[PDB]
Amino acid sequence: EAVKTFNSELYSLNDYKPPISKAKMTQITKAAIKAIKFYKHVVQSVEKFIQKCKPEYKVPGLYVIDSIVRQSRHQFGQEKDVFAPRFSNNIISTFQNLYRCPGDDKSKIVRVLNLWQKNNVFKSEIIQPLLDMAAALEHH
């Protein structure tokens, strides 16, 4: 029911042409952060969305991950945030899906990865492979 609400905010992205408003992302985030007891289901729903959504929503879906993890780290502390560690489990697969996006949108993905590294959102054993993955795509 906390999860139902989050699911409802997340999937209502399909009502909107990106760019998505700050307000909508904040709504999705608050639903996630308020559903923190069920963080595993929240991560699962975000990953499912990223797997299934149309190409135009890949960056929105990544911004959901960004927004949730950065809010959580700020609200609960970097040490204590459950979101980034749980997102880390499947994150390589998650990015494989994110990169089925319009070519014009890859620069946005790399920008978030860069910010994540600078802000130590994920430890470098996570971030660098993801960064490696972006580099490898323009080559092919």
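Each residue number is its position in the shown sequence, starting from 1.
- Looking at the C-alpha B-factors along this chain, the one for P55 belongs to the middle third.
- Among the modelled residues of its chain, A32 has a C-alpha B-factor that falls in the lowest third, as given in the PDB entry.
- Looking at the C-alpha B-factors along this chain, the one for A23 belongs to the middle third.
- When all modelled residues of the chain are sorted by CA temperature factor, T94 is found within the middle third.
- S67: CA B factor in the lowest third of modelled residues in this chain (values from the PDB entry).
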